[PDB]
$ cat final.pdb   # PDB, N, CA and C atoms
MODEL        1
ATOM      1  N   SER A  32     -69.278 -58.331 -86.618
ATOM      2  CA  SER A  32     -68.220 -57.446 -87.082
ATOM      3  C   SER A  32     -66.902 -57.807 -86.390
ATOM      4  N   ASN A  33     -65.777 -57.413 -86.992
ATOM      5  CA  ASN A  33     -64.463 -57.568 -86.388
ATOM      6  C   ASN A  33     -64.272 -56.477 -85.339
ATOM      7  N   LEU A  34     -63.940 -56.859 -84.105
ATOM      8  CA  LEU A  34     -63.653 -55.901 -83.049
ATOM      9  C   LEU A  34     -62.360 -55.125 -83.347
ATOM     10  N   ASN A  35     -62.086 -54.120 -82.515
ATOM     11  CA  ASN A  35     -60.976 -53.189 -82.634
ATOM     12  C   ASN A  35     -60.694 -52.588 -81.255
ATOM     13  N   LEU A  36     -59.550 -52.919 -80.648
ATOM     14  CA  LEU A  36     -59.176 -52.439 -79.325
ATOM     15  C   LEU A  36     -57.653 -52.370 -79.219
ATOM     16  N   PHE A  37     -57.150 -51.423 -78.421
ATOM     17  CA  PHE A  37     -55.737 -51.088 -78.304
ATOM     18  C   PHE A  37     -55.127 -51.756 -77.070
ATOM     19  N   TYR A  38     -54.036 -52.509 -77.249
ATOM     20  CA  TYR A  38     -53.343 -53.251 -76.197
ATOM     21  C   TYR A  38     -51.825 -53.034 -76.259
ATOM     22  N   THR A  39     -51.167 -53.186 -75.109
ATOM     23  CA  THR A  39     -49.743 -52.976 -74.911
ATOM     24  C   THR A  39     -48.918 -54.117 -75.531
ATOM     25  N   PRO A  40     -47.868 -53.834 -76.325
ATOM     26  CA  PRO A  40     -47.063 -54.856 -76.984
ATOM     27  C   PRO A  40     -46.476 -55.867 -76.000
ATOM     28  N   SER A  41     -45.801 -55.381 -74.956
ATOM     29  CA  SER A  41     -45.185 -56.210 -73.933
ATOM     30  C   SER A  41     -46.176 -57.192 -73.305
ATOM     31  N   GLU A  42     -47.429 -56.743 -73.151
ATOM     32  CA  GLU A  42     -48.502 -57.603 -72.706
ATOM     33  C   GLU A  42     -48.713 -58.719 -73.724
ATOM     34  N   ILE A  43     -49.005 -58.381 -74.980
ATOM     35  CA  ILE A  43     -49.273 -59.371 -76.026
ATOM     36  C   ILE A  43     -48.028 -60.152 -76.499
ATOM     37  N   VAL A  44     -47.067 -60.409 -75.606
ATOM     38  CA  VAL A  44     -46.022 -61.415 -75.733
ATOM     39  C   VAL A  44     -46.336 -62.473 -74.665
ATOM     40  N   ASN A  45     -46.024 -62.134 -73.412
ATOM     41  CA  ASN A  45     -45.881 -63.034 -72.280
ATOM     42  C   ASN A  45     -47.200 -63.710 -71.940
ATOM     43  N   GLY A  46     -47.359 -64.964 -72.357
ATOM     44  CA  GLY A  46     -48.546 -65.733 -72.027
ATOM     45  C   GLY A  46     -49.738 -65.224 -72.828
ATOM     46  N   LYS A  47     -49.524 -64.889 -74.105
ATOM     47  CA  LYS A  47     -50.522 -64.335 -75.006
ATOM     48  C   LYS A  47     -50.325 -64.987 -76.382
ATOM     49  N   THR A  48     -49.760 -64.289 -77.381
ATOM     50  CA  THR A  48     -49.535 -64.876 -78.705
ATOM     51  C   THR A  48     -48.397 -65.883 -78.627
ATOM     52  N   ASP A  49     -47.242 -65.447 -78.110
ATOM     53  CA  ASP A  49     -46.007 -66.219 -78.060
ATOM     54  C   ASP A  49     -46.304 -67.621 -77.533
ATOM     55  N   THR A  50     -47.039 -67.641 -76.425
ATOM     56  CA  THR A  50     -47.324 -68.843 -75.673
ATOM     57  C   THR A  50     -48.688 -69.435 -76.073
ATOM     58  N   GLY A  51     -49.442 -68.742 -76.935
ATOM     59  CA  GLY A  51     -50.743 -69.138 -77.456
ATOM     60  C   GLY A  51     -51.732 -69.611 -76.390
ATOM     61  N   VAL A  52     -51.892 -68.874 -75.277
ATOM     62  CA  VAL A  52     -52.770 -69.347 -74.190
ATOM     63  C   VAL A  52     -54.171 -68.718 -74.211
ATOM     64  N   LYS A  53     -54.267 -67.382 -74.248
ATOM     65  CA  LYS A  53     -55.529 -66.649 -74.140
ATOM     66  C   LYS A  53     -56.032 -66.157 -75.508
ATOM     67  N   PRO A  54     -55.368 -65.190 -76.164
ATOM     68  CA  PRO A  54     -55.638 -64.885 -77.557
ATOM     69  C   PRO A  54     -55.090 -66.027 -78.421
ATOM     70  N   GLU A  55     -55.305 -65.942 -79.734
ATOM     71  CA  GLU A  55     -54.947 -66.981 -80.680
ATOM     72  C   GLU A  55     -54.766 -66.301 -82.035
ATOM     73  N   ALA A  56     -54.027 -66.935 -82.951
ATOM     74  CA  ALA A  56     -53.897 -66.413 -84.299
ATOM     75  C   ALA A  56     -55.268 -66.524 -84.975
ATOM     76  N   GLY A  57     -55.791 -65.411 -85.494
ATOM     77  CA  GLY A  57     -57.140 -65.323 -86.031
ATOM     78  C   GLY A  57     -57.815 -64.017 -85.624
ATOM     79  N   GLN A  58     -57.570 -63.536 -84.400
ATOM     80  CA  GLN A  58     -58.246 -62.344 -83.904
ATOM     81  C   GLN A  58     -57.530 -61.084 -84.379
ATOM     82  N   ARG A  59     -58.331 -60.055 -84.677
ATOM     83  CA  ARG A  59     -57.860 -58.723 -85.000
ATOM     84  C   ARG A  59     -57.812 -57.899 -83.718
ATOM     85  N   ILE A  60     -56.681 -57.247 -83.455
ATOM     86  CA  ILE A  60     -56.490 -56.360 -82.315
ATOM     87  C   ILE A  60     -55.671 -55.164 -82.795
ATOM     88  N   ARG A  61     -55.413 -54.196 -81.909
ATOM     89  CA  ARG A  61     -54.489 -53.117 -82.189
ATOM     90  C   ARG A  61     -53.373 -53.127 -81.146
ATOM     91  N   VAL A  62     -52.120 -53.227 -81.591
ATOM     92  CA  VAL A  62     -50.959 -53.069 -80.731
ATOM     93  C   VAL A  62     -50.680 -51.571 -80.634
ATOM     94  N   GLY A  63     -50.447 -51.048 -79.431
ATOM     95  CA  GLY A  63     -50.145 -49.640 -79.234
ATOM     96  C   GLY A  63     -49.019 -49.502 -78.224
ATOM     97  N   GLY A  64     -47.904 -48.888 -78.630
ATOM     98  CA  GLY A  64     -46.710 -48.818 -77.800
ATOM     99  C   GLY A  64     -45.614 -48.039 -78.517
ATOM    100  N   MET A  65     -44.389 -48.073 -77.981
ATOM    101  CA  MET A  65     -43.279 -47.263 -78.475
ATOM    102  C   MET A  65     -42.330 -48.097 -79.331
ATOM    103  N   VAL A  66     -41.957 -47.554 -80.496
ATOM    104  CA  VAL A  66     -40.972 -48.191 -81.371
ATOM    105  C   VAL A  66     -39.562 -47.784 -80.911
ATOM    106  N   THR A  67     -38.629 -48.740 -80.815
ATOM    107  CA  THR A  67     -37.246 -48.461 -80.471
ATOM    108  C   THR A  67     -36.516 -47.969 -81.724
ATOM    109  N   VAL A  68     -35.513 -47.122 -81.503
ATOM    110  CA  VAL A  68     -34.754 -46.457 -82.555
ATOM    111  C   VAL A  68     -34.285 -47.441 -83.636
ATOM    112  N   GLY A  69     -33.721 -48.583 -83.232
ATOM    113  CA  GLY A  69     -33.196 -49.579 -84.157
ATOM    114  C   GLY A  69     -34.189 -50.703 -84.463
ATOM    115  N   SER A  70     -35.494 -50.483 -84.270
ATOM    116  CA  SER A  70     -36.482 -51.542 -84.443
ATOM    117  C   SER A  70     -36.886 -51.756 -85.903
ATOM    118  N   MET A  71     -36.965 -50.681 -86.690
ATOM    119  CA  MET A  71     -37.547 -50.717 -88.023
ATOM    120  C   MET A  71     -36.566 -51.372 -88.992
ATOM    121  N   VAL A  72     -36.989 -52.415 -89.714
ATOM    122  CA  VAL A  72     -36.197 -52.979 -90.800
ATOM    123  C   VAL A  72     -37.108 -53.210 -92.011
ATOM    124  N   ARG A  73     -36.730 -52.618 -93.148
ATOM    125  CA  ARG A  73     -37.398 -52.795 -94.427
ATOM    126  C   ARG A  73     -36.620 -53.785 -95.284
ATOM    127  N   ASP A  74     -37.297 -54.486 -96.197
ATOM    128  CA  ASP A  74     -36.589 -55.240 -97.219
ATOM    129  C   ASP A  74     -36.084 -54.283 -98.301
ATOM    130  N   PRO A  75     -35.074 -54.696 -99.086
ATOM    131  CA  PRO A  75     -34.703 -54.026-100.324
ATOM    132  C   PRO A  75     -35.831 -54.105-101.348
ATOM    133  N   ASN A  76     -36.673 -55.141-101.250
ATOM    134  CA  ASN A  76     -37.965 -55.220-101.925
ATOM    135  C   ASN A  76     -38.660 -53.859-101.858
ATOM    136  N   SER A  77     -38.640 -53.233-100.674
ATOM    137  CA  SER A  77     -39.220 -51.923-100.402
ATOM    138  C   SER A  77     -40.752 -51.949-100.332
ATOM    139  N   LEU A  78     -41.350 -53.144-100.269
ATOM    140  CA  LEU A  78     -42.763 -53.372 -99.966
ATOM    141  C   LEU A  78     -42.921 -54.136 -98.646
ATOM    142  N   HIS A  79     -41.965 -55.000 -98.288
ATOM    143  CA  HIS A  79     -42.027 -55.756 -97.050
ATOM    144  C   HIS A  79     -41.267 -54.971 -95.994
ATOM    145  N   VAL A  80     -41.882 -54.815 -94.826
ATOM    146  CA  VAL A  80     -41.360 -54.010 -93.745
ATOM    147  C   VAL A  80     -41.796 -54.648 -92.434
ATOM    148  N   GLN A  81     -40.925 -54.646 -91.430
ATOM    149  CA  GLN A  81     -41.297 -55.161 -90.129
ATOM    150  C   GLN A  81     -40.617 -54.322 -89.063
ATOM    151  N   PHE A  82     -41.225 -54.284 -87.881
ATOM    152  CA  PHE A  82     -40.716 -53.484 -86.787
ATOM    153  C   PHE A  82     -41.007 -54.175 -85.469
ATOM    154  N   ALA A  83     -40.062 -54.065 -84.541
ATOM    155  CA  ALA A  83     -40.273 -54.446 -83.162
ATOM    156  C   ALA A  83     -40.890 -53.261 -82.416
ATOM    157  N   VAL A  84     -41.780 -53.512 -81.456
ATOM    158  CA  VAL A  84     -42.383 -52.449 -80.649
ATOM    159  C   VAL A  84     -42.552 -52.951 -79.211
ATOM    160  N   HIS A  85     -42.388 -52.068 -78.215
ATOM    161  CA  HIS A  85     -42.304 -52.444 -76.804
ATOM    162  C   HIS A  85     -43.009 -51.413 -75.917
ATOM    163  N   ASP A  86     -42.958 -51.611 -74.592
ATOM    164  CA  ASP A  86     -43.455 -50.666 -73.611
ATOM    165  C   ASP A  86     -42.603 -50.793 -72.343
ATOM    166  N   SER A  87     -42.902 -49.984 -71.327
ATOM    167  CA  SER A  87     -42.292 -50.006 -70.007
ATOM    168  C   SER A  87     -42.388 -51.389 -69.362
ATOM    169  N   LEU A  88     -43.358 -52.205 -69.787
ATOM    170  CA  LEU A  88     -43.492 -53.580 -69.332
ATOM    171  C   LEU A  88     -42.325 -54.475 -69.766
ATOM    172  N   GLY A  89     -41.389 -53.973 -70.581
ATOM    173  CA  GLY A  89     -40.111 -54.641 -70.783
ATOM    174  C   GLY A  89     -40.284 -55.963 -71.524
ATOM    175  N   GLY A  90     -41.174 -55.961 -72.515
ATOM    176  CA  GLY A  90     -41.354 -57.037 -73.468
ATOM    177  C   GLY A  90     -41.469 -56.380 -74.834
ATOM    178  N   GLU A  91     -40.929 -57.011 -75.872
ATOM    179  CA  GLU A  91     -40.916 -56.477 -77.222
ATOM    180  C   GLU A  91     -41.655 -57.472 -78.112
ATOM    181  N   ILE A  92     -42.618 -56.993 -78.905
ATOM    182  CA  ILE A  92     -43.395 -57.807 -79.832
ATOM    183  C   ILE A  92     -42.993 -57.368 -81.246
ATOM    184  N   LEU A  93     -42.812 -58.321 -82.163
ATOM    185  CA  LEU A  93     -42.512 -58.043 -83.562
ATOM    186  C   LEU A  93     -43.817 -57.936 -84.351
ATOM    187  N   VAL A  94     -43.933 -56.897 -85.179
ATOM    188  CA  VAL A  94     -45.079 -56.632 -86.036
ATOM    189  C   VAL A  94     -44.587 -56.639 -87.483
ATOM    190  N   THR A  95     -45.327 -57.294 -88.383
ATOM    191  CA  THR A  95     -44.971 -57.408 -89.791
ATOM    192  C   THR A  95     -45.976 -56.617 -90.637
ATOM    193  N   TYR A  96     -45.505 -56.035 -91.748
ATOM    194  CA  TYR A  96     -46.255 -55.108 -92.586
ATOM    195  C   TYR A  96     -45.824 -55.324 -94.051
ATOM    196  N   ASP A  97     -46.774 -55.357 -94.988
ATOM    197  CA  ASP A  97     -46.589 -55.863 -96.347
ATOM    198  C   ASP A  97     -46.985 -54.835 -97.420
ATOM    199  N   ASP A  98     -46.700 -53.554 -97.165
ATOM    200  CA  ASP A  98     -46.736 -52.451 -98.123
ATOM    201  C   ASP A  98     -45.849 -51.344 -97.536
ATOM    202  N   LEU A  99     -45.685 -50.209 -98.209
ATOM    203  CA  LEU A  99     -44.907 -49.102 -97.676
ATOM    204  C   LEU A  99     -45.609 -48.480 -96.463
ATOM    205  N   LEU A 100     -44.873 -48.328 -95.358
ATOM    206  CA  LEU A 100     -45.366 -47.691 -94.146
ATOM    207  C   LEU A 100     -45.528 -46.173 -94.352
ATOM    208  N   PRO A 101     -46.500 -45.529 -93.680
ATOM    209  CA  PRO A 101     -46.650 -44.080 -93.697
ATOM    210  C   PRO A 101     -45.403 -43.439 -93.085
ATOM    211  N   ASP A 102     -44.918 -42.340 -93.673
ATOM    212  CA  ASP A 102     -43.718 -41.627 -93.238
ATOM    213  C   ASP A 102     -42.517 -42.569 -93.063
ATOM    214  N   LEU A 103     -42.444 -43.679 -93.814
ATOM    215  CA  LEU A 103     -41.403 -44.692 -93.637
ATOM    216  C   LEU A 103     -41.419 -45.312 -92.221
ATOM    217  N   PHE A 104     -42.419 -44.983 -91.394
ATOM    218  CA  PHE A 104     -42.490 -45.306 -89.981
ATOM    219  C   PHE A 104     -41.294 -44.703 -89.248
ATOM    220  N   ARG A 105     -41.441 -43.458 -88.788
ATOM    221  CA  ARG A 105     -40.334 -42.741 -88.175
ATOM    222  C   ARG A 105     -40.125 -43.353 -86.791
ATOM    223  N   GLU A 106     -38.873 -43.577 -86.416
ATOM    224  CA  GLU A 106     -38.526 -44.313 -85.222
ATOM    225  C   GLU A 106     -38.544 -43.379 -84.005
ATOM    226  N   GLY A 107     -38.475 -43.947 -82.798
ATOM    227  CA  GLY A 107     -38.457 -43.179 -81.560
ATOM    228  C   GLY A 107     -39.730 -42.354 -81.352
ATOM    229  N   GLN A 108     -40.899 -42.971 -81.550
ATOM    230  CA  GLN A 108     -42.204 -42.407 -81.227
ATOM    231  C   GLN A 108     -43.136 -43.544 -80.794
ATOM    232  N   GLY A 109     -44.373 -43.211 -80.412
ATOM    233  CA  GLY A 109     -45.384 -44.184 -80.031
ATOM    234  C   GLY A 109     -46.589 -44.127 -80.968
ATOM    235  N   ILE A 110     -46.815 -45.233 -81.679
ATOM    236  CA  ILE A 110     -47.831 -45.381 -82.712
ATOM    237  C   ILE A 110     -48.811 -46.466 -82.277
ATOM    238  N   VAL A 111     -49.939 -46.577 -82.985
ATOM    239  CA  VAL A 111     -50.824 -47.726 -82.868
ATOM    240  C   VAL A 111     -50.868 -48.432 -84.222
ATOM    241  N   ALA A 112     -50.865 -49.766 -84.206
ATOM    242  CA  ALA A 112     -50.938 -50.617 -85.384
ATOM    243  C   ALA A 112     -52.092 -51.588 -85.209
ATOM    244  N   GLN A 113     -53.009 -51.640 -86.172
ATOM    245  CA  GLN A 113     -54.104 -52.591 -86.178
ATOM    246  C   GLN A 113     -53.719 -53.740 -87.096
ATOM    247  N   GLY A 114     -53.941 -54.968 -86.629
ATOM    248  CA  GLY A 114     -53.540 -56.149 -87.359
ATOM    249  C   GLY A 114     -54.270 -57.373 -86.845
ATOM    250  N   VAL A 115     -54.116 -58.478 -87.574
ATOM    251  CA  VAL A 115     -54.625 -59.780 -87.186
ATOM    252  C   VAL A 115     -53.444 -60.681 -86.872
ATOM    253  N   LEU A 116     -53.580 -61.432 -85.783
ATOM    254  CA  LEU A 116     -52.560 -62.383 -85.405
ATOM    255  C   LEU A 116     -52.614 -63.546 -86.383
ATOM    256  N   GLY A 117     -51.481 -63.854 -87.016
ATOM    257  CA  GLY A 117     -51.432 -64.794 -88.130
ATOM    258  C   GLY A 117     -50.204 -65.700 -88.104
ATOM    259  N   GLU A 118     -49.087 -65.241 -87.530
ATOM    260  CA  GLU A 118     -47.786 -65.855 -87.720
ATOM    261  C   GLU A 118     -47.313 -66.392 -86.374
ATOM    262  N   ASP A 119     -48.225 -67.134 -85.728
ATOM    263  CA  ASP A 119     -48.165 -67.760 -84.415
ATOM    264  C   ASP A 119     -46.980 -67.263 -83.593
ATOM    265  N   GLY A 120     -47.083 -65.998 -83.178
ATOM    266  CA  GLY A 120     -46.000 -65.281 -82.524
ATOM    267  C   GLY A 120     -45.820 -63.873 -83.089
ATOM    268  N   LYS A 121     -46.017 -63.688 -84.404
ATOM    269  CA  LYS A 121     -45.994 -62.366 -85.031
ATOM    270  C   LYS A 121     -47.407 -61.997 -85.476
ATOM    271  N   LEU A 122     -47.636 -60.684 -85.576
ATOM    272  CA  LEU A 122     -48.924 -60.105 -85.894
ATOM    273  C   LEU A 122     -48.795 -59.363 -87.221
ATOM    274  N   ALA A 123     -49.722 -59.626 -88.142
ATOM    275  CA  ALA A 123     -49.718 -58.991 -89.449
ATOM    276  C   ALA A 123     -50.582 -57.741 -89.355
ATOM    277  N   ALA A 124     -49.962 -56.562 -89.451
ATOM    278  CA  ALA A 124     -50.632 -55.280 -89.298
ATOM    279  C   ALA A 124     -50.337 -54.404 -90.507
ATOM    280  N   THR A 125     -51.369 -53.780 -91.087
ATOM    281  CA  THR A 125     -51.219 -52.841 -92.197
ATOM    282  C   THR A 125     -51.800 -51.455 -91.866
ATOM    283  N   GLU A 126     -52.697 -51.351 -90.882
ATOM    284  CA  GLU A 126     -53.327 -50.092 -90.526
ATOM    285  C   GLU A 126     -52.544 -49.492 -89.351
ATOM    286  N   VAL A 127     -51.430 -48.800 -89.626
ATOM    287  CA  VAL A 127     -50.665 -48.072 -88.609
ATOM    288  C   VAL A 127     -51.046 -46.594 -88.616
ATOM    289  N   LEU A 128     -51.441 -46.064 -87.455
ATOM    290  CA  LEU A 128     -51.835 -44.675 -87.289
ATOM    291  C   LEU A 128     -50.815 -44.008 -86.364
ATOM    292  N   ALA A 129     -49.898 -43.233 -86.941
ATOM    293  CA  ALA A 129     -48.857 -42.539 -86.194
ATOM    294  C   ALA A 129     -49.384 -41.223 -85.618
ATOM    295  N   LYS A 130     -50.462 -41.287 -84.830
ATOM    296  CA  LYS A 130     -51.008 -40.124 -84.133
ATOM    297  C   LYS A 130     -50.137 -39.738 -82.927
ATOM    298  N   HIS A 131     -48.842 -39.501 -83.149
ATOM    299  CA  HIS A 131     -47.920 -39.155 -82.073
ATOM    300  C   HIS A 131     -48.018 -37.662 -81.767
ATOM    301  N   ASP A 132     -47.997 -36.847 -82.827
ATOM    302  CA  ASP A 132     -48.171 -35.399 -82.797
ATOM    303  C   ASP A 132     -47.302 -34.752 -81.711
TER     304      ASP A 132
ENDMDL
END
$ encode --input "final.pdb" --output "structure tokens"
Amino acid sequence: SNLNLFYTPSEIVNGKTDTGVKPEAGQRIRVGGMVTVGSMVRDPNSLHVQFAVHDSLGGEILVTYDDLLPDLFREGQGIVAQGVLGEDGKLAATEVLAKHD
């Protein structure tokens, strides 16, 4: 089966996907961290959407999404996104759970 585990965005930059050392494009993981106010950008297409997400670790990872996000993905909260690493540096995620409450 495909595993499922939650990891910090800032972690999964430095010496991880970006640098392709430990993880690799192919594995499914969940990024979990805080979205910055100006992070969310949608296409005029209105199906393609991408967002930067970060943590106190002071690294920002870009996540890409290829349908309409739930609640348009409201900014300035902390969500979890499940995705597979595919874009040797970016992660393709469609299962975002905004359990911020």
$ resolve_selection --input "final.pdb" --expression "the PyMOL selection byres ((chain A and resi 97) around 8)" --output "MDAnalysis selection string"
chainID A and resid 77:81 94:96 98:100 123:125
$ resolve_selection --input "final.pdb" --expression "the PyMOL selection byres ((chain A and resi 64) around 6.5)" --output "list in words"
residues 38, 39, 40, 62, 63, 65, 66, 84, 85, 86, 108, 109, 110, 111 and 112 of chain A
$ closest_residue --input "final.pdb" --among "A:56, A:106, A:92, A:37" --to "residue 71 of chain A" --atoms "only C-alpha atoms"
A:106
$ atom_distance --input "final.pdb" --atom1 "atom CA of residue 49 of chain A" --atom2 "atom CA of residue 120 of chain A"
4.6 Å
$ select_by_dssp --input "final.pdb" --residues "segment 58-90 of chain A" --states "strand (DSSP E or B)" --output "ChimeraX atom specification"
/A:59-66,72-73,80-85
$ closest_residue --input "final.pdb" --among "A:93, A:129, A:34, A:116" --to "residue 55 of chain A" --atoms "only C-alpha atoms"
A:116
$ closest_residue --input "final.pdb" --among "A:117, A:32, A:41, A:57" --to "residue 87 of chain A" --atoms "only N, CA and C atoms"
A:41
$ atom_distance --input "final.pdb" --atom1 "atom C of residue 122 of chain A" --atom2 "atom C of residue 82 of chain A"
9.5 Å
$ closest_residue --input "final.pdb" --among "A:105, A:113, A:130, A:90" --to "residue 46 of chain A" --atoms "only C-alpha atoms"
A:90
$ atom_distance --input "final.pdb" --atom1 "atom CA of residue 72 of chain A" --atom2 "atom CA of residue 50 of chain A"
24.6 Å
$ axis_aligned_box --input "final.pdb" --around "segment 94-98 of chain A" --padding-each-side "5 Å" --output "lines of an AutoDock Vina configuration file"
center_x = -45.5
center_y = -54.4
center_z = -91.7
size_x = 13.1
size_y = 16.1
size_z = 22.9
$ closest_residue --input "final.pdb" --among "A:60, A:91, A:132, A:69" --to "residue 114 of chain A" --atoms "all atoms listed in the file"
A:60
